[PDB]
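Quick setup: the structure tokens below cover two forms of a single protein chain, split into structure 1 and structure 2.
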Structure 1
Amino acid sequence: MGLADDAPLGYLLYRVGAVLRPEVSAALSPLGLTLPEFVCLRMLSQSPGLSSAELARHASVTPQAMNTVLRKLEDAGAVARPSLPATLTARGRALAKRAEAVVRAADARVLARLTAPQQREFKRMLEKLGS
């Protein structure tokens, strides 16, 4: 998409994305999670028993990449031992919630680059463009 539209709106959106993604990744790192691992974890907390293929389609990734993500999550004891169905362990559910919290905090950290009135204005304009 950043490759697709290099005109100003698409480019500027892309650049904010390229700030937000590392912010989120950096926030997840101390929890032992990559961004794709977190996405998988969150999907499974919201939909227990989804298969790897299902997860891979919802994340728009390859079944192989999702299998890898799932293996690393099993290794961390977050995903239960088993394209197979997958579920979270107690540790996994706890981790999913802690991780969602640090991601929301990352989001706020990027937004806080703007003053409070600027944040309200900016969100209204984003909302308009996205509605």
Structure 2
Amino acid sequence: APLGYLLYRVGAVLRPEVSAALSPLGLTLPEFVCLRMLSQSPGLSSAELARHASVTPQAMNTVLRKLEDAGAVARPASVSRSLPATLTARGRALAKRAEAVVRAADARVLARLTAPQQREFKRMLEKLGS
């Protein structure tokens, strides 16, 4: 049971849970990843975004296109090139509600652990990913 296999199994339980939590907001999981990462790291390559959402860059460009058409992401051409993609007010509010449902989805998956185990598990994750 390589570590990476154990990690993959956890992601395989998490992802459909997160997707279903996000559905009533009209968002796919890739769209959520784009919103969240762009909210924290404005000006991010769609390659990086795609590696984080584990989708091809072409799929991410399609995500970007949909989020821009929706008024949640913009790239206003600088009257000074074009500005790196950032969230609008709309996108920030979207992002916030989506982060709330994703947090609840996470807690639902983490309920398989006791409260102390959840804290230790998140610490261990932080250490391993540092």
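Each form is matched to the other, and the largest set of C-alpha atoms that superpose within 1.5 Å is called the rigid core. Numbering runs along the sequence of structure 1, starting at 1.
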- Item | Out of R104, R71, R57, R93, the residue that alone shifts its CA by 2 Å or more between the two structures when the rigid core is the reference | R57
- With both forms fit on the core, has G17 moved 2 Å or more by CA between the two structures? yes
- After fitting the core, how far does the CA of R124 move between the two structures, in Å? 8.7
- Query: Once the rigid core is matched, what's the CA displacement of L114 between the two structures in angstrom?
  - Reply: 5.7
